[PDB]
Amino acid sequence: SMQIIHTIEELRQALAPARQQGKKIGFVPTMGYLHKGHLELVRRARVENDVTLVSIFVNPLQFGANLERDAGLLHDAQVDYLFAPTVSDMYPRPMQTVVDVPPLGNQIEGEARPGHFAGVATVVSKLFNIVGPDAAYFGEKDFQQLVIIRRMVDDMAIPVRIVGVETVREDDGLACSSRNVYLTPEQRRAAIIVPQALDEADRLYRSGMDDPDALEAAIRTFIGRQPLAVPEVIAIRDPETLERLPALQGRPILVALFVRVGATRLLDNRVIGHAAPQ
């Protein structure tokens, strides 16, 4: 049976026998509201580790200053431990410590801002300290986050392997997300334009397109065919630095889409192309 723990000290004691046995611990951090993508993270973790731990915590540090279902899904997925702390279990007094990766975090949505991704980097560093995992699994769906965590892990010599899992998609191609539920039936069928826009970006790249503005314009007009879909951001960037590119061909590129359908923000991304020998 999956054990549910709430406190840091209870988690540490719960894992002490796995540590004594030299068991590999796989960790999937989440904010709950679990869907099939989360379950594929769990499935990867279980393939590669002896023990699998999922956290559910809605972290206030990644928002501004202002469950039985989930457990059931994790129970059926054969998870060994669910860590579900309250805010007070995680933060009994306010955090004064901040971890950030400013040069990556200030890209894309991170524009020119405070630590847009400080909350994420901080809470993930803390969760790694609590869990002591061997490997941690994240969706490629949240690409910027993943690049940031990798960098943080390398810089800080955190002894955890970071595994990026390919985006899991509903059967019409729409990226799995808990926000998909909000879409009206009409909006849901319009939403298919997002994954189709990525296929179009791939087609254009394979045909030789080399100017990032031309790719952005193509994608914008493509999505625009569906008037219920308004592209808020179409980011074409280096997948390593997340910076703008002077050209596209001969190198891999990240195409990140931020698209509003009705009131709902839909996100998707794909890395297109790959590196040649020097």
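Numbering starts at 1 and follows the sequence shown.
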Count class of deposited residues lacking coordinates, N66 to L67 = 4 to 9
Averaging the C-alpha B factors as listed in the entry, name the stretch that ends up higher: 220 to 228 or 42 to 50.
-> 220 to 228
Can you tell me which stretch has the higher mean Cα B-factor, 165 to 173 or 121 to 129?
-> 165 to 173
Residue set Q145, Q196, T184, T97, per-entry CA B-factor max assigned to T184
In the PDB entry, which of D80, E109, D154, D134 has its C-alpha at the highest B-factor?
-> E109
If you rank every modelled residue in this chain by C-alpha B factor, which third holds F27: lowest, middle or highest?
-> lowest
Of the three thirds of its chain by CA temperature factor, lowest, middle or highest, which one includes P103?
-> middle
Lowest, middle or highest third: where is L61 by C-alpha B factor in its chain?
-> highest
Entry-reported C-alpha B-factor of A71 relative to its chain, by third, is highest
Relative C-alpha B-factor of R113, binned into the chain's lowest, middle or highest third = highest
